[PDB]
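Visitor: This is the structure I want to talk about, given as C-alpha cells.
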Ligand SMILES: [Cl-]
Ligand SMILES: [Cl-]
Ligand SMILES: [Cl-]
Ligand SMILES: [Cl-]
Ligand SMILES: [Cl-]
Ligand code: NA
Ligand code: NA
Ligand code: NA
Ligand code: NA
Ligand code: NA
C-alpha cells in the first residue's frame, strides 16, 4: 500500500557503523555491524496530535508501508533487526534497524603494504507505481562510533556520495547510494618482520664475492636461496594473492633474480679461475662487490617510484 | 491451485547476476547473488482495469499459485527473498525474487593457468496435472551488472541456452534450463610469480655442467632440488588438485625428471673421471651444456602443443 | 492421526541423487542433494473420483498424516523441502521432497590411492501404535542423475539393499533401510604427481654407491633425505590421516628405512676405508648397487601383494 | 502449568548415542547425535483407559507441561527434534526427542598418543515452584548403538553417574546429571608414521661419531637437524597444542637437546684435534658412540616411567 | 506498550557464564555461553496475591513488554532462548534467558606469551518515550560457573563496571554496560617448546667461532639459519599476527640480526686470514666467543625490561 502523490518518493537514508570487523584479504570481504536509518513522507498516516494526544506515534513494521531498501554488494541475507519505527504528525516516518552483513568490496593490492583501501556499501531501491529515489541524511550518516577499529588499519573516514545513481533495470527505475569506508594500512610492523630479514638473507648471499672457494660459494648462494624460500613460506600469510602486478611482488621477483645472477657470477669466477685467467675472475668478483648492492639500490628506487611516484 | 487450459504451461525465466564471488577452485563451487524473474499466464486471476481502476494488480506470494522453480546444482536451500509479484489484466503474472546461492559446477584444469571455465546454473521445474515447461526471456536474462567481477578472471559473457531439456523423471515430465557464465583466467601475474623463479632454480641446477668438482656438483644439483621442492611448497596454493592430467602438472613433473637426469649426469662425469677416462667425462659435460636447455625447450614446445594445439 | 488396520504399515521409499559433492576425506563425510520419495496406504482419506471429479487429490503437508522418516547418519537437521504430496483414490499417498544433507559414512584408506569406497545413507522410522516398516521401491530408487560426479572418483552404482533391518529400540520397533553409493578412485594422476618423484629422489640417494667420497656421500644421502621430507610435506594434502595401517603409509615408511640403511652403508664404507680394508669397503658398495634396488623391488612386490592379493 | 504435589518432581532421563563424530582435538569438542528420553509423573493428565478406550494417550508438545531440561557444556542451541510424547494412564509421561549437538569437554593430552579420554555430557534442570530433580533410567541410558565409532579411537563405554548434583544457583535449586563417554586412542599407526622416522633421523645424526672429518660432521649433524625440523613440520598435524607438559612433547624436546650436545661434541673433537691432542678427541668420540644411545635409552625409560608409572 | 512513570526506567542486568570457549587469537573473538538476567518495574501488571492466589505470576514473552536489551560487540544474531519470565506482585519483572554468542573484543599481543587479556561484553539499550537506563545487579552478575575454562588460560575474574555509559545516539539516549572477563596466559609450556630450541639452534650457529675452516663456518652459520627458519615455520601457529610491535617479535628479529652479524664475522675472519693477517682474524673470533653471548644477554635484558619494566 505505497504512499501516493504527484512527485517521486524520496527516502532519506543513513548508516552508522557500530562495529566493523573481519577484513578478509582473500575473499575481499569485510563484516560490518551498523544502524540503517530510513525516513520518508507518507501523508496517508499523517495524524492529529491533539485528538490523539501524542506528539509521535509508533507502529509495528507489519502495520505500515516500509520501502524495500536493499544492499547490493552483500553476500547473504542481512541480519535485519528493527529497533524503532515512529511517525511524526505530518506523515514523515522515521525507521531505524540494527543490521550486520559481510560486504563484498574489491581490494587493490598494488601498493601493499603501504596501500590504502576504500570499501563500499551500496544501497538500491526498486520502483513500484510511484517513482522511488534514495538520498543521504548526513546527521544520521556520520557512521563512525569512536570505538570502531580494523586491526592493522587506520580508519580514515566514513562518508556517502550524496548524488544517487538512478537507472533503468528490467523495465523499472532503480536508485542506488554508495557509502564509502576509507582506510590505510598500518605498515610499520612489516619492516622488522618481513623486509629486513629478507634483506639480511640476501646480503648473506652477497658475502660470496669476498670468497674464492667455489664450494664455499655454491654452498653460500644456494643455501641462502633455500633460506629465502623458507622465509618466504614463513611470511606467506602476509603476502595476499592477486592476478595484478603487485609492488611487493615486484621486489620479491627481483630478489629471485639477484639470487640467479649471483649464481651466474660465482660460476663465472670459478670458470675463469679454472681456465687460468685469475685476473678476470677476481676483477669480476671485486667489481660485483660494488655492483650488486648498487644495482639493487637503483632497481629498488626505480621500482618504488614506478609504483608510487607514477 | 494451478492454472488450467488445453496447453502446456510455459514459464518465462530470467537471471540477473548482481554479484558473483567466491570461485572456490577446490570445491568446484562459486557463490552468486542474482535476480530470478518468472512470468506465466494465469487467466483465473485475469481482471478488469476499469472496474478495478488499476493497470496492474500486485499480490502477496501466499495469495496465488507460483510455480515450483528450483535450482539443480545448488548446494543448499537458496536464500529466497521475494521483491515483487504483479499481475497484468490478461492474467500474465510477473514475479521477481532476489536470491543468492553457491552453485556447483565442475571446473576443467587441464590448461591451467591459461584455462577458461564455463560455470553453469541449472533450473528445473516438475509437472503437476498440467504439463509444465520453462523457457528463457532474454530481456530479463541479460544478467551481468556492469560491476560483476571474479578477481583473477575476465568475465566473458552471461547467456542461457534457449532450448529447455525435457524428460521423464519418476513418472512426471520435467523441464530444465541451463544458464552459462563463461570466464577466462588472468594468467599474467603468474609469469613473474611462479614460472620464472622455477626456471631460475632449474638453471642454477644446470650450472653444474661447467664444474668438475663432484662435491660442488652434488651440493649444486641436490641443493637446487631442495630449493625446488621448497618453492613448490610456496606456490602450492596456486596449483589446484585434480585426478586429471594437468599441463602445469606435466611441466612440473618434467622438471623433477630434469633434476634426476642431471644427478645421473654429474654421477657419470665423476665415475668416468674416477676411472681415468677424463675425455669421455668432460665430453659428456660439455655436451650436456647444450643438451639440457635444448631438450627442455623441445619438451616444453611439444608439451605446450600437446595441450593447446591438440 | 496414523492410518489404522490389522497389518504393519509399509512405507515405500526411494532416493534420487540429483547432485553429490564434497567428499571430505578428513571428516569422512560427503554432501548429497536428492529426492526422497515416500508412499504408503491411508484408507482414511481414500476418496471418490466421480463425486470429487478428479483422478488425483493433492494435500498440504499439515493437512494429513506423514510418517516420521528420518536419516540416521546425518550430521545436521536436513534441508527438507516438500515438492509434492498427492493422494490416489484408494488412499495410497505419494510424497516427494527435495533434500540435501551431509552424510557421515566411514571410509577405508588401506588400499589408497587404489581404494574404493561404499558410502551409506541409512533411513529409520520409529513405530507408533501401528507397527511401522519401510521398504524400497526400485523405480524411484534408481537415484543417479546422469550428471552426478565426485571429482577424482568414478561413481559405480547407486542401489539399496531391499531387506529392512527391524529391531527393538527403547521399547518400540524400528525399521531401517541402507542405501549404498559405490565409488572407486581415479588414481592415475598420482603416478606423475606423487610416486615417480619420490622414487626419483630415492634413486638420487642411491647414487652414493658409485662414490667413495665420504663428504659427497653424506651430503648426497642426507640432502636427499631433506628433499624427501620436503616433498612429503608438499603432497601432505593427498595423504589422509588414519589410525589404520595404510598401504601407501607402508611404502613411505619403507622409504625412510631405505634412507636409514643407506646412511649406515655409507658410514660402513667410510669406516672400512679408514681402517685400511678398502677391499671390504668397495665390495660392500659394489654389492649395494645391486642390493638396494633389488630388495626394494622385492619389498614393494611383497607389500603390494600383502595389501591387494590378500 | 507444572505438576503439583507434596514431593520434589523426579525426572527420569536417558541418552542413546546413535552416532558420535568429529572429535576436534583443537577446540576440545566433539559432535554427538542421540536420543534424549525424559519421563516424569503428572497426575493432572492421568486418565481412564476404559472411558477413553486406549491404553496410552499421545500429546503434541505444545499441549502439556514438559520440563526444561538443558545441556550445560553445549556450544550452540541444540538441534531439538521431538519424536514421541506418550502418557500412561497413571500420569507418567514418556518423552523422546532426537537431538544433535557439539559438546565441549576438556581433553588431557599428557600421555598422548597412548592417552585415553573421558568426554562428558552434562544435563541441568532449574526449579520452578516445585523443587525439581533429575535421575538416570538405565534401560534407556544404554546409549551405544553397535555402529558408533570415533575413527582412531576405541569406544570403551557409555554410562551415567546415577547421583545428581544439586545446588543453589541464583536463588533456585538446580539438578545436574553427568553422562560419560570413555575412549582410548588407537596409537599403533604412530609407530611406523611418527616415532620410527624421528628415531632414524636422530641415528643418522649419531653417525658423526665414527667420522673425524669436521666438515662431514657439521654437514651431518646440522643437516639432520634441518631434516628433523622438516619432519616435525610434516607431522605437525598429529601433535596437538597444550599449555600442559606433554609426554611426547618431552621426548621431542629431549631430541632437540641431543642435537645440541652432538653439535657440542663434534665441536670439541674438532677443537682437540686442532690443538694437537688427538688422543682426547678420538677418545671422546669413541666414548660418545656408546654414551649417546645409552643416555637416550635411559632418558627415555625415565621419561616413560615418569609419565606412566607415576 | 512500555511502563509509564515520572522517572527513567532502570533495568537491572546480570550475566552468568556457563561456558566460555574458542578464544580465536586471529579474529580476536571468543564464544560465550551464558545467562542473561533482566529485571525492571512495571506497575501496569502489578497484581493481588490474595485475589489471584499465587505469590508469583509467570507470563509468556509475547504477553508483556520486555526491554530491547542488545549486545554491541557481537558478530551475529545471538542464540536467544528464554528460560523464565516471572512477575512479583508489586510489578517487578524478573526475566532470564540462556544465550550464546561469539563476542568481538580486541586482544593486545605486545607481551605475548606472558600477556594477559581483558575481554569485554557490552550491553546497550535504546530509549523509547520513557528514558531508559541499565544497571548491574551483582547477585546475578557473579557469572563464573566453577567449571569455566579457556584452555591455555587462567580465568582471573568476571565482573561488571557498575556505572553505565549514557549518551546521545541518533536523537535518543542510550545506556551501555561493560562486563569484563579478565584472563592471563599459561606460558610455561612455551619454554620447552619454543624458546629453548630457538636458543639451541642459535648456539649451534655460535659454534663457528671456535672453527677456522671457512667452509665449515659457512655451512655452520647458513645451515643453522635454514634450521631457524624451518623451526619458525614449525611454531608459526603460536606466533599470532599483529600490526603492533610485539615483544616475541622483537627477540625473533634480534635473532635474525645475530645470524647476520655472525655471517659478517665469519666472512671477516676468512678475509683477514686470506690477506695474511691471521692475528687480527683469530683475535676477532676469540673475541666474538665472548661478545656474541654477552651482547645477546644484554640485548635480551634491555628488551625484556623495555616491554615489561616500562
Ligand atoms: Cl674451490
Ligand atoms: Cl671432486
Ligand atoms: Cl673423503
Ligand atoms: Cl676435516
Ligand atoms: Cl678454509
Ligand atoms: Na604457511
Ligand atoms: Na602451503
Ligand atoms: Na601441505
Ligand atoms: Na602442517
Ligand atoms: Na604451520
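Residue numbers (our numbering), protein chains in the order written: chain A, 22 to 331; chain B, 22 to 331; chain C, 22 to 331; chain D, 22 to 331; chain E, 22 to 331. Every residue gets a Cβ at the ideal spot worked out from N, C-alpha and C, and that includes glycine.
1) Below 6 Å CB to CB, which residues in the same chain sit around residue 42 of chain D once its five sequence neighbours on both sides are set aside?
2) Using the beta-carbon of each residue, which ones in chain D are nearer than 8 Å to residue 202 of chain E?
3) Please identify, using Cβ separations under 8 Å, the residues of the region 243 to 273 of chain E that lie next to chain D, in order along the chain.
4) At 7 Å on the CB atoms, spell out the chain B contacts of residue 286 of chain A, in chain order.
5) Please list the residues of the region 51 to 80 of chain C that have a C-beta atom closer than 9 Å to any C-beta atom in chain B, keeping them in chain order.
6) Under 8 Å Cβ to Cβ from residue 143 of chain B, same chain only, skipping five residues before and after it: list those, please.
7) Quick one: is residue 299 of chain D buried, meaning 16 or more other Cβ sit within 10 Å of its Cβ, or exposed?
8) To which residues of the same chain is residue 99 of chain A closer than 8 Å at the C-beta, ignoring the five residues directly before and after it?
9) Can you tell me which of A:110, A:256, A:82 puts its alpha carbon nearest to the alpha carbon of residue 101 of chain A?
10) As a quick exercise: from A:213, A:148, A:110, pick the residue whose alpha carbon is nearest that of residue 31 of chain A.
11) Excluding sequence positions up to five away, which residues of its chain have a Cβ less than 7 Å from the Cβ of residue 136 of chain D?
12) Given residue 49 of chain D, which residues of its chain have a CB within under 7 Å of its CB, disregarding the five upstream and five downstream residues?
13) In this structure, does DSSP put residue 286 of chain B in helix, strand or coil?
14) The beta strand (DSSP E) spanning residue 155 of chain A covers which residue range?
15) Quick check on the burial criterion: 16 or more other C-beta atoms within 10 angstroms. Buried or exposed for residue 329 of chain C?
16) For residue 23 of chain B, collect the residues of the same chain with a Cβ closer than 6 Å to its Cβ; drop the 5 residues on either side in sequence, then sort them by chain order.
17) Hey, out of C:230, C:275, C:286, whose CA is closest to residue 325 of chain C's CA?
18) Residue 112 of chain B and residue 76 of chain B - do their beta-carbons sit closer together than 8 Å?
19) Beta-carbon within less than 6 Å of residue 284 of chain E's beta-carbon, same chain only, minus the 5 sequence neighbours each way: which residues are those?
20) If residue 176 of chain D sits next to residue 162 of chain D, beta carbons under 8 Å apart, how far is it from one beta carbon to the other, in whole angstroms?
21) Got a sec: which bits of the region 149 to 162 of chain A sit with their beta carbon under 9 Å from any beta carbon on chain B, in order along the chain?
22) Could you pull out every unbroken beta strand (DSSP E) segment of at least 3 residues lying fully inside the region 193 to 252 of chain E, listed in chain order?
23) So, does the region 243 to 256 of chain D touch the region 226 to 246 of chain C, judging by three or more C-beta pairs under 8 Å?
24) With a threshold of 16 other CB atoms inside 10 Å of the CB of residue 209 of chain B, please say whether the residue is buried or exposed.
25) Among residues of its own chain, excluding the 5 on either side of residue 66 of chain D, which ones have a beta-carbon nearer than 7 Å to its beta-carbon?
26) Pull up the distance between the alpha-carbon of residue 59 of chain A and that of residue 33 of chain A, whole angstroms please.
27) Is residue 236 of chain B close to chain A, meaning its C-beta is less than 8 Å from at least one C-beta of that chain?
28) I'd like the span of the alpha helix (DSSP H) that includes residue 103 of chain D, first residue to last.
29) Would you mind sorting residue 114 of chain A into buried or exposed? The rule is 16 or more other CB atoms within 10 Å of its CB.
30) I believe residue 269 of chain D touches residue 264 of chain C by the beta-carbon criterion, under 8 Å. Please report the beta-carbon distance rounded to the nearest angstrom.
31) For residue 329 of chain D, report the span of its alpha helix (DSSP H) as first-last.
32) Would you say residue 180 of chain E lies against chain D (beta-carbon separation less than 8 Å)?
33) Could you work out which residue in D:222, D:55, D:294, D:141 is closest to residue 181 of chain D when comparing CA atoms only?
34) Roughly how many angstroms lie between the CA atoms of residue 29 of chain D and residue 155 of chain D, to the nearest whole one?
35) For residue 309 of chain B versus residue 286 of chain B, is the C-beta distance shorter than 8 Å?
36) Would you say residue 239 of chain E faces chain A, with C-beta separation under 8 Å as the test?
Guide: Reading from the atomic positions:
1) Hits under 6 Å: 52.
2) Neighbours of residue 202 of chain E on chain D: none; closest Cβ ~17 Å, over 8 Å.
3) Correct list: 244, 245, 247, 248, 251, 252, 254, 255, 258, 259.
4) Those within 7 Å of residue 286 of chain A in chain B number zero; the least Cβ separation is about 11 Å.
5) Residues of the region 51 to 80 of chain C with a C-beta atom less than 9 Å from some C-beta of chain B are 52, 54, 56, 58, 75, 76, 77, 79, listed in chain order.
6) Answer for residue 143 of chain B: 92, 93, 94, 197, 198, 199, 200, listed in chain order.
7) By the neighbour-count rule (16 or more Cβ atoms within 10 Å), residue 299 of chain D is not buried but exposed.
8) If you ignore the 5 residues before and after residue 99 of chain A, its C-beta comes within less than 8 Å of the C-beta of 92, 120, 121, 122, all in its own chain and listed in chain order.
9) Per the C-alpha coordinates, the member of A:110, A:256, A:82 positioned closest to residue 101 of chain A is A:82.
10) Answer by Cα proximity: A:148.
11) Around residue 136 of chain D: 129, 130, 206.
12) Result list for residue 49 of chain D: 125, 126, 127, 128, in chain order.
13) In this structure, residue 286 of chain B counts as helix in the three-state DSSP scheme.
14) Where residue 155 of chain A is concerned, the enclosing beta strand (DSSP E) stretches over 153 to 157.
15) Flag for residue 329 of chain C reads exposed.
16) Counting only Cβ-Cβ distances below 6 Å, and skipping sequence neighbours, we find 86, 149, 151.
17) The candidate whose alpha carbon is nearest that of residue 325 of chain C is C:275.
18) In this structure, residue 76 of chain B keeps its C-beta atom at 8 Å or more from the C-beta atom of residue 112 of chain B.
19) Its chain contains 242 as the residues whose beta carbon lies nearer than 6 Å to that of residue 284 of chain E, once the 5 sequence neighbours on both sides are disregarded; these appear in chain order.
20) Actually they do not touch by this definition, with Cβ atoms about 15 Å apart.
21) Residues 149, 150.
22) If we require 3 residues or more, the beta strand (DSSP E) runs fully inside the region 193 to 252 of chain E come out as 194 to 206.
23) The region 243 to 256 of chain D vs the region 226 to 246 of chain C: in contact.
24) Residue 209 of chain B is exposed by the Cβ-count criterion.
25) A distance below 7 Å between beta-carbons, with the five flanking residues on each side excluded, links residue 66 of chain D to the following residues of its chain, in chain order: 85, 108, 112.
26) Annotation: residue 59 of chain A to residue 33 of chain A spans about 6 Å, alpha carbon to alpha carbon.
27) It does; some Cβ of chain A falls within 8 Å.
28) Not the alpha helix (DSSP H): residue 103 of chain D falls in the beta strand (DSSP E), residues 102 to 108.
29) Around the beta carbon of residue 114 of chain A, 16 or more other beta carbons sit within 10 angstroms, so the residue counts as buried.
30) No, residue 269 of chain D and residue 264 of chain C are not in contact; Cβ-Cβ is about 16 Å, not under 8 Å.
31) Residues 299 to 329.
32) Taking Cβ atoms only, chain D never reaches closer than 8 Å to residue 180 of chain E, which makes this a no.
33) Residue nearest to residue 181 of chain D within the set D:222, D:55, D:294, D:141 is D:141 (criterion: CA-CA distance).
34) Those two C-alpha atoms are separated by around 10 Å.
35) In this structure, residue 286 of chain B lies closer than 8 Å to residue 309 of chain B by Cβ.
36) Under the 8 Å criterion on CB atoms, residue 239 of chain E is classed as interfacial with respect to chain A.
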